[PDB]
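Right, one structure below, let's go through it.
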Number of protein chains: 2
Amino acid sequence: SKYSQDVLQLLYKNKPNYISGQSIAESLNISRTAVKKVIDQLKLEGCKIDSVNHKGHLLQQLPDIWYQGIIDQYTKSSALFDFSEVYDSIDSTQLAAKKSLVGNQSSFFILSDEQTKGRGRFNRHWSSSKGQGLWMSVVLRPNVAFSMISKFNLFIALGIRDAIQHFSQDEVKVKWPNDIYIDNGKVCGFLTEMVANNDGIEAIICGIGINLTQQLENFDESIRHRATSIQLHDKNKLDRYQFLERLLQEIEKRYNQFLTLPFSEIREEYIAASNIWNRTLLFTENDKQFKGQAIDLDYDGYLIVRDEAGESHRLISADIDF
Amino acid sequence: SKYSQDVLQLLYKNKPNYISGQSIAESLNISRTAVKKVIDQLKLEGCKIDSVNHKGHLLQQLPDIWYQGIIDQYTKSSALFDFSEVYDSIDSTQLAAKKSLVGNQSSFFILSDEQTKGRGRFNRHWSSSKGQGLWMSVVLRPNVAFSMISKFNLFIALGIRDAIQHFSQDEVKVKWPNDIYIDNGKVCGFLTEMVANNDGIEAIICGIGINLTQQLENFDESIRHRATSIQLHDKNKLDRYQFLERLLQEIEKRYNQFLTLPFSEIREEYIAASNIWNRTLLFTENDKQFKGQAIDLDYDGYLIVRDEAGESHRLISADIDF
Ligand SMILES: Nc1ncnc2c1ncn2[C@@H]1O[C@H](COP(=O)(O)OCCCCC[C@@H]2SC[C@@H]3NC(=O)N[C@@H]32)[C@@H](O)[C@H]1O
Ligand SMILES: Nc1ncnc2c1ncn2[C@@H]1O[C@H](COP(=O)(O)OCCCCC[C@@H]2SC[C@@H]3NC(=O)N[C@@H]32)[C@@H](O)[C@H]1O
């Protein structure tokens, strides 16, 4: 009903204490009995709620569904995010964000359980299954020149990798400039875009797609040997609210780093975290394709590459295959 | 009514020949009498239409109102523009365009008779009076790297100036990088913005604001000594459809130049057209303000400036006062 999110919100807020039906009824000004029906419906959708006579209700565990009422708590206590929008299904969080940023200076993010028109780079398809991943767009408002886009993209990467690392017992590496791998499986793809003019960035929009709970059986045959999910590398059930919380904590740490530090302070760390060294890489640029070795990441974030013909290149971005 | 634009469209299309009520009625499948009422209404709004017994109607002159039905002809015969949106009044053509470009690759423009929330640079106000100017946003789709924004902005300037020049008997000059002057009056301001990532521009959005028919009495006292309109420098009535047509012709000429030429081919021309030389300029950058002389425009479009302290600067953009 109308009141599901509000009831869920009260339950999240009151953890680890129990609140009574009666007390929830008073808050929202509805009947005890409507409170019971709302609570029955949440259990039926897979909320795990302990109901104890004389004590009331305790939210123990959420299902793999995003709830606006819970996300609203994440933004209230956030110093960086003014608000969020949550969707069950939508064309793309990235389209939605590019539409919502117009005409304001808010910082916010958009999450959706499924995307029907998920896009990565160069208009490629990004598989966004219902219930199985974090499909998110983040909009921020750095006072910086439009050339700083690349450097933002370097910082955010370490933020995402760190948040996935906390949950996998296997190594999580960055594949510059736009993906996160565990072994040979891409677990995340992200993409940083901007609205800007000669005078400055108007918004950064970072699209982040993270495979959370797919089994191998869940990926299309076409990508199944090069894709993985956090669950496939975590011995405990992966909890999506716990992940989101850590993801937002890291994004904010790295965003403040971005505003305050040169790339040179994180370069070594980025280097050590990267899986592009010591192996043959395939590069695509429009017509050309070529092979190459990543030699180095320079102090401004360019990849130094020696191609198979011995020519050296200095790249602000690329798309690489392994 | 429902049919005004369609009737106007047929009338524009049939110039310089007359079409009959009867014939317009057949086209749209409506009664002769509804055609007469639609025609009476257009005259009453200031369309000048010659109605001759036995011959029919000829559109002779439009009022200072934009009509979607006429703009639809401009886009049908345009190779560059897929479509246009026309409004009587709206917050800003620039907001509207940034919302309409999302999720497609169309090229288009948006015109509005008035803007209630017109913005120039740095969130400054742009005065957009009903009936008095061309308030327009243009969206294009160059396959180019995000650093080419500045160079686009140089080409478009010569396009706009040329189109205003055709109508003023006084000199029209460019004030780099964002305004067009006739004598000491700013007649136009324009602003180039982009949506982009490391891989390329997704859209260019050029906001163009041109004072067409204001008298001095029409400008706010605060800007009246530094503003002017095309009418104040044209001995004939300024006709807004004729202007728009020439504006679109030049924008397309210069946009193709942009795609095909280095800035070095137009540099001299831009130079010769500019009013920033040989005079003291005021520069603002965040905290600082300083005075300076424009020395030169280099082959990549940077302004070379000698400031009052004798230090030289190389600027991709600036805001200058005279
Ligand atoms: N779920 C998946 N897991 C592993 N491999 C996959 C997946 N889906 C597609 N792929 C493979 O990865 C490529 C990813 O593209 P990318 O262009 O490198 O793209 C970088 C990224 C984009 C981030 C997408 C986020 S989701 C939230 C936001 N909304 C949106 O439309 N995109 C961003 C695809 O061609 C395909 O090979
Ligand atoms: N009508 C006017 N004529 C002469 N002076 C004026 C006018 N309105 C304001 N001004 C003065 O010019 C400054 C223009 O700002 P700019 O930031 O250089 O701005 C560059 C420009 C922006 C182009 C505006 C177009 S209109 C179509 C599109 N939509 C939108 O909101 N803006 C663009 C203002 O501070 C004020 O001094």
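Ideal geometry is used to build each Cβ from the backbone, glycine not excepted, and the neighbour counts take in all protein chains shown. None of the figures in this text is laboratory data; all of them are computed from the coordinates on show.
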> Points 7 angstrom from Cα along the Cβ direction at A:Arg224 and B:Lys235: gap in nanometres?
Replying inline: 8.1 nm
>> What distance in nm separates the two pseudo spin-label positions at A:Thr284 and A:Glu308, each 7 Å out from Cα along the beta-carbon direction?
In response: 1.7 nm
>> Need the list of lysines near A:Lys117 for cross-linking: C-alpha distance under 21 angstrom, and skip anything on the same chain fewer than eight residues off.
In response: A:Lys98, A:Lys99, A:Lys130, A:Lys186, B:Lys98, B:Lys99
>> Among A:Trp66, A:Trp135, A:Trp277, which one shows the highest mean-square fluctuation when chain A is modelled as a Gaussian network with alpha-carbon springs under 10 Å?
In response: A:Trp277
> Which whole number gives the average, over all residues in B:201-212, of C-beta atoms from other chains lying within 10 Å of the residue C-beta?
Replying inline: 1
> What is the antiparallel percent of DSSP beta bridges lying wholly in the stretch B:153-251, to the nearest 5?
Replying inline: 95 percent
> With the contact rule set at Cα under 8 Å and sequence spacing of 6 or more, what percent relative contact order holds for the stretch B:135-257?
Replying inline: 32 percent
> At q = 0.14, 0.19 Å⁻¹, what is the log10 ratio I(q)/I(0) for the stretch A:48-152, with the Debye formula run over Cα points and no solvent?
Replying inline: -0.68, -1.06
> Given a Förster radius of 51 Å and the C-beta distance between A:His125 and B:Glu114 as r, what FRET efficiency does 1/(1 + (r/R0)^6) yield to the nearest 0.05?
Replying inline: 0.75
>> Kirkwood Rh over alpha-carbon pairs of the protein assembly as shown, then Stokes-Einstein at 25 °C and 0.890 mPa s: what D in µm² s⁻¹, rounded to an integer?
In response: 86 µm²/s
> Residues of B:96-103, mean number of Cβ from any other protein chain within 10 Å of their own Cβ, rounded to a whole number?
Replying inline: 5
> Using the scaling law 2.2 N^0.38 Å as the reference, what is the normalised Cα Rg of the stretch A:1-63?
Replying inline: 0.97
> In nm, one decimal, shortest first: how far is the label point of B:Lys235 (7 Å from Cα along Cα to beta carbon) from the matching points in the other copies?
Replying inline: 9.2
>> How much of the DSSP bridge set in the protein assembly as shown is antiparallel, in percent, rounded to the nearest 5?
In response: 85 percent
>> Pick from B:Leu191, B:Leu259, B:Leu232 the residue whose mean-square fluctuation is largest in a GNM of chain B, springs joining Cα atoms under 10 Å.
In response: B:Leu259
> Is any residue of the stretch A:65-90 close enough, with backbone N under 18 Å, to a label point placed 7 angstrom from the Cα of A:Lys2 along the Cα-Cβ axis, and if so, which?
Replying inline: A:69
> Just the Cα atoms of the stretch A:276-322, one point each, no solvent: what log10 I(q)/I(0) does Debye give at q = 0.21, 0.27, 0.29 Å⁻¹?
Replying inline: -0.65, -1.07, -1.22
> Between the stretch B:276-322 and the stretch B:8-61, what's the alpha-carbon centroid distance in Å?
Replying inline: 55 Å
>> Whole angstrom only: what separates the Cα centroid of the stretch B:202-239 from the Cα centroid of the stretch B:127-162?
In response: 16 Å
> Rg to Rh for chain A: what is it, with Cα atoms only and Rh by Kirkwood?
Replying inline: 1.02
> Which one of A:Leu28, A:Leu95, A:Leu11 has the biggest mean-square fluctuation once chain A is modelled by GNM with Cα springs under 10 Å?
Replying inline: A:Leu28
> Rounded to the nearest 5, what % of the DSSP beta bridges within chain A are antiparallel ones?
Replying inline: 85 percent
> Can you pull the mean other chain C-beta count within 10 Å for peptide A:188-198?
Replying inline: 5
> How many nm separate the modelled label positions at B:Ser147 and B:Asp300, each set 7 Å beyond the Cα in the direction of the Cβ?
Replying inline: 0.6 nm
>> Rounded to the nearest 20 debye, what is the charge dipole size of the protein assembly as shown about its Cα centre when +1 sits on each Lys and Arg Cβ and -1 on each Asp and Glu Cβ?
In response: 1540 debye
> Which of B:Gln242, A:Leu259, A:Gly185 sits farthest toward the positive end of the charge dipole of the protein assembly as shown, with +1 on the Cβ of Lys and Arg and -1 on the Cβ of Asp and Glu?
Replying inline: B:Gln242
